[PDB]
Each structure stands twice: as C-alpha cells, then as structure tokens.
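Text of the file my_file-v4.cif, holding mmCIF, N, CA, C and O atoms:
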```cif
data_data
#
loop_
_atom_site.label_atom_id
_atom_site.label_comp_id
_atom_site.auth_asym_id
_atom_site.auth_seq_id
_atom_site.Cartn_x
_atom_site.Cartn_y
_atom_site.Cartn_z
N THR A 1991 13.77 -85.23 20.86
CA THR A 1991 14.07 -86.13 21.96
C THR A 1991 14.98 -87.25 21.47
O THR A 1991 15.58 -87.18 20.39
N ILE A 1992 15.11 -88.29 22.28
CA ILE A 1992 15.80 -89.50 21.86
C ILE A 1992 15.01 -90.20 20.75
O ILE A 1992 15.59 -90.80 19.84
N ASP A 1993 13.69 -90.07 20.77
CA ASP A 1993 12.83 -90.72 19.79
C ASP A 1993 12.54 -89.86 18.57
O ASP A 1993 11.79 -90.29 17.69
N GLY A 1994 13.09 -88.66 18.50
CA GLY A 1994 12.81 -87.76 17.40
C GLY A 1994 11.62 -86.85 17.59
O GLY A 1994 11.34 -86.04 16.70
N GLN A 1995 10.91 -86.96 18.71
CA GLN A 1995 9.81 -86.02 18.88
C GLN A 1995 10.33 -84.70 19.43
O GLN A 1995 11.22 -84.70 20.29
N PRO A 1996 9.81 -83.57 18.96
CA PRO A 1996 10.38 -82.28 19.36
C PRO A 1996 10.00 -81.89 20.78
O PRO A 1996 8.90 -82.17 21.26
N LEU A 1997 10.95 -81.24 21.45
CA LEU A 1997 10.71 -80.71 22.78
C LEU A 1997 9.79 -79.51 22.77
O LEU A 1997 8.81 -79.47 23.52
N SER A 1998 10.08 -78.53 21.92
CA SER A 1998 9.30 -77.30 21.84
C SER A 1998 8.03 -77.56 21.04
O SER A 1998 8.09 -78.12 19.94
N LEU A 1999 6.89 -77.14 21.59
CA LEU A 1999 5.61 -77.36 20.95
C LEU A 1999 5.45 -76.44 19.74
O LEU A 1999 6.20 -75.48 19.54
N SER A 2000 4.43 -76.74 18.94
CA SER A 2000 4.22 -76.07 17.67
C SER A 2000 3.43 -74.78 17.85
O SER A 2000 2.75 -74.55 18.86
N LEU A 2001 3.53 -73.91 16.84
CA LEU A 2001 2.72 -72.71 16.78
C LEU A 2001 1.33 -73.05 16.24
O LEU A 2001 1.19 -73.82 15.29
N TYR A 2002 0.30 -72.47 16.86
CA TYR A 2002 -1.08 -72.62 16.41
C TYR A 2002 -1.52 -71.27 15.86
O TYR A 2002 -1.77 -70.32 16.61
N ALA A 2003 -1.61 -71.19 14.53
CA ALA A 2003 -2.07 -69.97 13.89
C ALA A 2003 -3.58 -69.81 14.08
O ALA A 2003 -4.34 -70.78 14.15
N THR A 2004 -4.01 -68.56 14.15
CA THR A 2004 -5.42 -68.26 14.35
C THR A 2004 -6.16 -68.36 13.02
O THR A 2004 -5.71 -67.80 12.02
N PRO A 2005 -7.29 -69.09 12.97
CA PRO A 2005 -8.07 -69.13 11.73
C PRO A 2005 -8.78 -67.81 11.46
O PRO A 2005 -8.94 -66.99 12.37
N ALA A 2006 -9.21 -67.60 10.22
CA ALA A 2006 -9.88 -66.36 9.87
C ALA A 2006 -11.32 -66.37 10.37
O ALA A 2006 -12.00 -67.40 10.33
N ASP A 2007 -11.77 -65.22 10.86
CA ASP A 2007 -13.13 -65.11 11.36
C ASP A 2007 -14.12 -65.09 10.19
O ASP A 2007 -13.79 -64.63 9.10
N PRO A 2008 -15.33 -65.61 10.40
CA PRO A 2008 -16.37 -65.51 9.36
C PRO A 2008 -16.82 -64.06 9.21
O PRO A 2008 -17.19 -63.41 10.18
N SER A 2009 -16.75 -63.56 7.98
CA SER A 2009 -17.13 -62.18 7.70
C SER A 2009 -18.64 -62.01 7.78
O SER A 2009 -19.41 -62.98 7.76
N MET A 2010 -19.07 -60.76 7.88
CA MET A 2010 -20.48 -60.42 7.90
C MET A 2010 -20.90 -59.97 6.52
O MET A 2010 -20.30 -59.04 5.95
N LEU A 2011 -21.91 -60.62 5.96
CA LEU A 2011 -22.36 -60.32 4.62
C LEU A 2011 -23.16 -59.03 4.61
O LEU A 2011 -23.93 -58.75 5.54
N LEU A 2012 -22.98 -58.23 3.57
CA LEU A 2012 -23.64 -56.94 3.44
C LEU A 2012 -24.45 -56.90 2.16
O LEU A 2012 -24.04 -57.45 1.13
N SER A 2013 -25.61 -56.26 2.22
CA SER A 2013 -26.44 -56.01 1.06
C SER A 2013 -26.77 -54.53 1.03
O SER A 2013 -26.46 -53.78 1.96
N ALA A 2014 -27.42 -54.11 -0.05
CA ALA A 2014 -27.80 -52.72 -0.21
C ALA A 2014 -28.97 -52.64 -1.17
O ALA A 2014 -29.18 -53.53 -1.99
N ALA A 2015 -29.74 -51.56 -1.06
CA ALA A 2015 -30.84 -51.29 -1.98
C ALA A 2015 -30.51 -49.99 -2.69
O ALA A 2015 -30.74 -48.90 -2.17
N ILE A 2016 -29.94 -50.11 -3.89
CA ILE A 2016 -29.76 -48.93 -4.72
C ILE A 2016 -31.13 -48.48 -5.22
O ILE A 2016 -32.06 -49.28 -5.38
N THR A 2017 -31.26 -47.19 -5.45
CA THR A 2017 -32.54 -46.61 -5.79
C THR A 2017 -32.43 -45.86 -7.11
O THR A 2017 -31.35 -45.45 -7.52
N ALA A 2018 -33.58 -45.69 -7.76
CA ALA A 2018 -33.64 -44.99 -9.03
C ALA A 2018 -34.44 -43.71 -8.86
O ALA A 2018 -35.04 -43.46 -7.81
N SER A 2019 -34.45 -42.89 -9.90
CA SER A 2019 -35.20 -41.64 -9.88
C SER A 2019 -35.60 -41.29 -11.31
O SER A 2019 -34.82 -40.69 -12.05
N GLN A 2020 -36.82 -41.66 -11.68
CA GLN A 2020 -37.36 -41.34 -12.99
C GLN A 2020 -38.11 -40.02 -12.91
O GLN A 2020 -38.46 -39.55 -11.83
N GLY A 2021 -38.35 -39.42 -14.08
CA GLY A 2021 -39.03 -38.15 -14.15
C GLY A 2021 -40.50 -38.26 -13.78
O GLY A 2021 -41.11 -39.34 -13.76
N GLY A 2022 -41.09 -37.11 -13.49
CA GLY A 2022 -42.49 -37.06 -13.15
C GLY A 2022 -43.37 -36.92 -14.38
O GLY A 2022 -42.91 -36.80 -15.51
N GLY A 2023 -44.68 -36.94 -14.13
CA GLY A 2023 -45.63 -36.76 -15.22
C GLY A 2023 -45.80 -35.29 -15.57
O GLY A 2023 -46.11 -34.45 -14.72
N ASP A 2024 -45.58 -34.97 -16.84
CA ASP A 2024 -45.74 -33.60 -17.31
C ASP A 2024 -47.13 -33.40 -17.90
O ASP A 2024 -47.74 -34.33 -18.43
N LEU A 2025 -47.62 -32.18 -17.80
CA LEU A 2025 -49.02 -31.92 -18.12
C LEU A 2025 -49.22 -31.82 -19.62
O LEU A 2025 -48.46 -31.12 -20.30
N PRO A 2026 -50.23 -32.50 -20.17
CA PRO A 2026 -50.50 -32.40 -21.61
C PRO A 2026 -51.16 -31.09 -22.01
O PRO A 2026 -51.23 -30.15 -21.21
N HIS A 2027 -51.62 -31.01 -23.25
CA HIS A 2027 -52.29 -29.81 -23.74
C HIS A 2027 -53.78 -29.87 -23.42
O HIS A 2027 -54.43 -30.89 -23.63
N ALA A 2028 -54.31 -28.76 -22.90
CA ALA A 2028 -55.71 -28.70 -22.50
C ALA A 2028 -56.60 -28.32 -23.67
O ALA A 2028 -56.29 -27.42 -24.45
N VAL A 2029 -57.74 -29.01 -23.77
CA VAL A 2029 -58.74 -28.76 -24.81
C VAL A 2029 -60.00 -28.27 -24.12
O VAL A 2029 -60.34 -28.73 -23.04
N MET A 2030 -60.67 -27.31 -24.74
CA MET A 2030 -61.91 -26.80 -24.16
C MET A 2030 -63.10 -27.63 -24.65
O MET A 2030 -63.28 -27.78 -25.86
N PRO A 2031 -63.90 -28.17 -23.75
CA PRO A 2031 -65.06 -28.97 -24.16
C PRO A 2031 -66.30 -28.09 -24.31
O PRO A 2031 -66.25 -26.87 -24.15
N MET A 2032 -67.42 -28.74 -24.62
CA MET A 2032 -68.67 -28.05 -24.89
C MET A 2032 -69.61 -27.97 -23.70
O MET A 2032 -70.58 -27.22 -23.76
N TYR A 2033 -69.36 -28.72 -22.65
CA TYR A 2033 -70.29 -28.75 -21.54
C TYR A 2033 -69.91 -27.74 -20.47
O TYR A 2033 -68.80 -27.20 -20.46
N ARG A 2034 -70.84 -27.50 -19.56
CA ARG A 2034 -70.60 -26.55 -18.50
C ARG A 2034 -69.78 -27.19 -17.39
O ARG A 2034 -69.40 -28.37 -17.44
N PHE A 2035 -69.51 -26.38 -16.36
CA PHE A 2035 -68.61 -26.80 -15.30
C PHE A 2035 -69.11 -27.97 -14.45
O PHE A 2035 -68.29 -28.86 -14.18
N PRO A 2036 -70.37 -28.06 -14.00
CA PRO A 2036 -70.75 -29.27 -13.24
C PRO A 2036 -70.77 -30.53 -14.07
O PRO A 2036 -70.45 -31.60 -13.53
N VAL A 2037 -71.06 -30.44 -15.36
CA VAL A 2037 -71.07 -31.62 -16.21
C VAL A 2037 -69.65 -32.14 -16.42
O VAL A 2037 -69.37 -33.34 -16.25
N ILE A 2038 -68.73 -31.23 -16.77
CA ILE A 2038 -67.35 -31.66 -16.95
C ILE A 2038 -66.72 -32.04 -15.62
O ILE A 2038 -65.85 -32.92 -15.58
N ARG B 2233 -15.53 -85.36 13.45
CA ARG B 2233 -14.98 -84.07 13.06
C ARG B 2233 -15.48 -83.64 11.68
O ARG B 2233 -15.88 -82.49 11.48
N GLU B 2234 -15.50 -84.58 10.73
CA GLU B 2234 -16.02 -84.26 9.40
C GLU B 2234 -17.51 -83.95 9.43
O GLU B 2234 -17.98 -83.09 8.68
N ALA B 2235 -18.25 -84.61 10.32
CA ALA B 2235 -19.66 -84.29 10.50
C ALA B 2235 -19.84 -82.87 11.05
O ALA B 2235 -20.74 -82.15 10.63
N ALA B 2236 -18.96 -82.46 11.97
CA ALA B 2236 -19.05 -81.10 12.50
C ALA B 2236 -18.66 -80.06 11.47
O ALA B 2236 -19.22 -78.95 11.46
N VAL B 2237 -17.73 -80.39 10.58
CA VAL B 2237 -17.37 -79.49 9.49
C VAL B 2237 -18.54 -79.32 8.52
O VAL B 2237 -18.85 -78.21 8.07
N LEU B 2238 -19.23 -80.42 8.22
CA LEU B 2238 -20.44 -80.34 7.40
C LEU B 2238 -21.54 -79.54 8.09
O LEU B 2238 -22.29 -78.82 7.43
N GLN B 2239 -21.62 -79.62 9.42
CA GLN B 2239 -22.57 -78.81 10.17
C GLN B 2239 -22.24 -77.32 10.07
O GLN B 2239 -23.14 -76.48 9.94
N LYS B 2240 -20.95 -76.98 10.13
CA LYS B 2240 -20.55 -75.59 9.97
C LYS B 2240 -20.85 -75.08 8.57
O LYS B 2240 -21.22 -73.92 8.38
N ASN B 2241 -20.70 -75.95 7.57
CA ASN B 2241 -21.07 -75.58 6.21
C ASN B 2241 -22.57 -75.36 6.08
O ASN B 2241 -23.02 -74.46 5.35
N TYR B 2242 -23.36 -76.16 6.80
CA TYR B 2242 -24.81 -75.96 6.85
C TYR B 2242 -25.17 -74.62 7.48
O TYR B 2242 -26.07 -73.92 7.01
N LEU B 2243 -24.45 -74.24 8.54
CA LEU B 2243 -24.71 -72.96 9.18
C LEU B 2243 -24.30 -71.79 8.29
O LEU B 2243 -24.97 -70.75 8.28
N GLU B 2244 -23.22 -71.95 7.53
CA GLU B 2244 -22.85 -70.93 6.56
C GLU B 2244 -23.89 -70.79 5.45
O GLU B 2244 -24.16 -69.68 4.99
N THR B 2245 -24.48 -71.91 5.04
CA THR B 2245 -25.55 -71.86 4.06
C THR B 2245 -26.78 -71.14 4.61
O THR B 2245 -27.42 -70.36 3.90
N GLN B 2246 -27.09 -71.37 5.89
CA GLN B 2246 -28.20 -70.65 6.52
C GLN B 2246 -27.94 -69.15 6.61
O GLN B 2246 -28.86 -68.36 6.39
N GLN B 2247 -26.70 -68.76 6.90
CA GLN B 2247 -26.36 -67.34 6.93
C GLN B 2247 -26.48 -66.71 5.55
O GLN B 2247 -26.99 -65.59 5.41
N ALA B 2248 -26.03 -67.43 4.52
CA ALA B 2248 -26.14 -66.91 3.16
C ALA B 2248 -27.59 -66.78 2.71
O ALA B 2248 -27.94 -65.82 2.02
N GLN B 2249 -28.45 -67.71 3.13
CA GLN B 2249 -29.85 -67.61 2.74
C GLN B 2249 -30.57 -66.50 3.49
O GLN B 2249 -31.45 -65.84 2.93
N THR B 2250 -30.19 -66.26 4.75
CA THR B 2250 -30.78 -65.14 5.48
C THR B 2250 -30.32 -63.81 4.89
O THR B 2250 -31.10 -62.85 4.81
N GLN B 2251 -29.07 -63.76 4.42
CA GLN B 2251 -28.61 -62.57 3.71
C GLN B 2251 -29.35 -62.39 2.39
O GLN B 2251 -29.64 -61.25 2.00
N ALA B 2252 -29.67 -63.48 1.71
CA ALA B 2252 -30.44 -63.38 0.47
C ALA B 2252 -31.85 -62.87 0.73
O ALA B 2252 -32.38 -62.07 -0.05
N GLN B 2253 -32.46 -63.31 1.83
CA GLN B 2253 -33.79 -62.80 2.18
C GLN B 2253 -33.74 -61.33 2.55
O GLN B 2253 -34.65 -60.56 2.20
N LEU B 2254 -32.68 -60.91 3.24
CA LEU B 2254 -32.54 -59.49 3.60
C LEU B 2254 -32.32 -58.64 2.36
O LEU B 2254 -32.86 -57.53 2.25
N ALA B 2255 -31.53 -59.14 1.41
CA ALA B 2255 -31.34 -58.44 0.15
C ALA B 2255 -32.63 -58.37 -0.66
O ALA B 2255 -32.88 -57.37 -1.34
N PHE B 2256 -33.46 -59.41 -0.57
CA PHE B 2256 -34.75 -59.36 -1.26
C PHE B 2256 -35.68 -58.35 -0.62
O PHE B 2256 -36.43 -57.66 -1.32
N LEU B 2257 -35.66 -58.26 0.71
CA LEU B 2257 -36.49 -57.26 1.38
C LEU B 2257 -36.01 -55.85 1.11
O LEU B 2257 -36.82 -54.91 1.11
N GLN B 2258 -34.71 -55.67 0.89
CA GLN B 2258 -34.22 -54.36 0.49
C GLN B 2258 -34.60 -54.04 -0.95
O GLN B 2258 -35.03 -52.93 -1.26
N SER B 2259 -34.47 -55.02 -1.85
CA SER B 2259 -34.57 -54.78 -3.28
C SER B 2259 -35.97 -54.95 -3.84
O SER B 2259 -36.17 -54.71 -5.04
N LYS B 2260 -36.94 -55.39 -3.05
CA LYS B 2260 -38.30 -55.47 -3.55
C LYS B 2260 -38.87 -54.07 -3.74
O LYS B 2260 -38.44 -53.10 -3.10
N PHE B 2261 -39.82 -53.96 -4.66
CA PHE B 2261 -40.42 -52.66 -4.93
C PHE B 2261 -41.33 -52.23 -3.79
O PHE B 2261 -41.34 -51.05 -3.41
N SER B 2262 -42.08 -53.16 -3.23
CA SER B 2262 -42.98 -52.86 -2.12
C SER B 2262 -42.26 -52.97 -0.78
O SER B 2262 -42.70 -53.67 0.13
N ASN B 2263 -41.15 -52.26 -0.63
CA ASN B 2263 -40.39 -52.29 0.60
C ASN B 2263 -40.96 -51.27 1.58
O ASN B 2263 -42.05 -50.74 1.40
N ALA B 2264 -40.20 -51.00 2.65
CA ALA B 2264 -40.68 -50.05 3.65
C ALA B 2264 -40.56 -48.62 3.16
O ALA B 2264 -41.29 -47.74 3.63
N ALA B 2265 -39.66 -48.36 2.21
CA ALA B 2265 -39.47 -47.00 1.72
C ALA B 2265 -40.67 -46.52 0.92
O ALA B 2265 -41.09 -45.36 1.06
N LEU B 2266 -41.23 -47.40 0.09
CA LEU B 2266 -42.43 -47.06 -0.68
C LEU B 2266 -43.60 -46.77 0.24
O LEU B 2266 -44.35 -45.82 0.02
N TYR B 2267 -43.75 -47.56 1.30
CA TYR B 2267 -44.85 -47.32 2.23
C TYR B 2267 -44.64 -46.07 3.06
O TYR B 2267 -45.61 -45.39 3.41
N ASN B 2268 -43.38 -45.74 3.37
CA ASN B 2268 -43.09 -44.49 4.07
C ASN B 2268 -43.45 -43.29 3.21
O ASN B 2268 -44.07 -42.33 3.68
N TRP B 2269 -43.08 -43.35 1.93
CA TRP B 2269 -43.41 -42.27 1.02
C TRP B 2269 -44.91 -42.16 0.80
O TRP B 2269 -45.46 -41.06 0.72
N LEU B 2270 -45.58 -43.31 0.74
CA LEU B 2270 -47.02 -43.34 0.58
C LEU B 2270 -47.73 -42.73 1.78
O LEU B 2270 -48.65 -41.92 1.61
N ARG B 2271 -47.29 -43.05 3.00
CA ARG B 2271 -47.98 -42.51 4.16
C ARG B 2271 -47.69 -41.03 4.36
O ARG B 2271 -48.59 -40.29 4.77
N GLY B 2272 -46.50 -40.55 3.98
CA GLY B 2272 -46.25 -39.12 4.08
C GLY B 2272 -47.04 -38.31 3.07
O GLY B 2272 -47.71 -37.32 3.42
N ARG B 2273 -47.00 -38.74 1.80
CA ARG B 2273 -47.75 -38.06 0.75
C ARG B 2273 -49.25 -38.11 1.01
O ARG B 2273 -49.95 -37.10 0.85
N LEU B 2274 -49.74 -39.25 1.48
CA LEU B 2274 -51.16 -39.39 1.73
C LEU B 2274 -51.59 -38.63 2.97
O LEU B 2274 -52.72 -38.15 3.02
N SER B 2275 -50.71 -38.46 3.96
CA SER B 2275 -51.05 -37.63 5.10
C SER B 2275 -51.18 -36.17 4.70
O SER B 2275 -52.09 -35.47 5.17
N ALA B 2276 -50.30 -35.71 3.81
CA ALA B 2276 -50.40 -34.34 3.31
C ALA B 2276 -51.70 -34.12 2.55
O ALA B 2276 -52.44 -33.14 2.80
N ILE B 2277 -52.01 -35.03 1.62
CA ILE B 2277 -53.21 -34.89 0.80
C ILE B 2277 -54.46 -35.03 1.66
O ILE B 2277 -55.46 -34.32 1.46
N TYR B 2278 -54.40 -35.88 2.68
CA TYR B 2278 -55.52 -36.09 3.59
C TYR B 2278 -55.80 -34.85 4.42
O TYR B 2278 -56.96 -34.50 4.65
N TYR B 2279 -54.75 -34.15 4.86
CA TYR B 2279 -54.97 -32.94 5.65
C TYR B 2279 -55.56 -31.82 4.79
O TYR B 2279 -56.48 -31.12 5.23
N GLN B 2280 -55.06 -31.66 3.57
CA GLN B 2280 -55.61 -30.61 2.71
C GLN B 2280 -57.04 -30.93 2.30
O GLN B 2280 -57.90 -30.03 2.22
N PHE B 2281 -57.34 -32.21 2.10
CA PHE B 2281 -58.70 -32.62 1.81
C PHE B 2281 -59.61 -32.44 3.02
O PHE B 2281 -60.81 -32.19 2.85
#
```

Target encoding structure tokens, full file:
Amino acid sequence: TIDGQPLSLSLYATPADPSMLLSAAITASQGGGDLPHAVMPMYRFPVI
Amino acid sequence: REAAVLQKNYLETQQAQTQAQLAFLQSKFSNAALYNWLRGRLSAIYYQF
C-alpha cells in the first residue's frame, strides 16, 4: 500500500497432525519339558 | 496463548502415558494371551477328566 502493508494476504500452511502411537507385544517360544529316564521302584502300583 | 500451548503439551503427555500403559498391558506376562491359553488347555484337560 502507501504505508508499505501488502495488499495480497499471506499463505497459511497447514500444521502437522498429531500421530497415533503404536505398541506391540512380541512373543517368545521356548522348548517344552522332555521326559527323563524312568527308574523302577520297589513298591506296588497303589503305593507308587 | 502460551498457557494453551502448555495445555497441549500436557495433553500430549497424557497420550504418551496412556500409550505406555497400553504397552505395559501388552508386554506383561499375565496378559490376556496367557489366560486365553490357560482356559483352552484347562477346558481340554477338564473334559477328559
């Protein structure tokens, strides 16, 4: 203008949106229990 | 305006803490997956018993 102020208005850039935070549960896989060696005892079946 | 910016930072902190709680519920050992596996395995053993 006569005073130095601009006629055409300014551009308003869009701000960035807040992102959505993500989490996860990674999982493991260990081996199972393997059977030991069997020993024969001295007692009968109802006692053992 | 600066007070409102601090309020938005407070809300971002609340979102980060809720995400931390959700990550803890995922990463805990006693989560829902362990109880799902427990109820399936125990239902099988219960029926055979």

### Message
With 8 Å as the limit and counting only C-alpha atoms, what residues in chain B lie close to chain A? Please list them as JSON, numbers by chain.
### Response
{"B": [2248, 2251, 2254, 2255, 2258, 2259]}

### Query
Can you tell me how far atom N of residue B:2280 sits from atom O of residue B:2268, in Å to one decimal?
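About the pair atom N of residue B:2280 and atom O of residue B:2268: they are 15.3 Å apart.
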
### Message
To one decimal place in Å, what is the distance between atom C of residue B:2261 and atom O of residue A:2022?
### Response
19.4 Å

### Task
Please indicate the distance in Å from atom N of residue B:2279 to atom N of residue B:2266, rounded to one decimal place.
19.5 Å

Box along x, y and z, 5 Å on every side, all listed atoms of stretch 2233-2236 of chain B inside: centre and edge lengths in Å to one decimal, as AutoDock Vina command-line options.
```
--center_x -17.9 --center_y -82.2 --center_z 11.1 --size_x 15.8 --size_y 16.4 --size_z 14.8
```
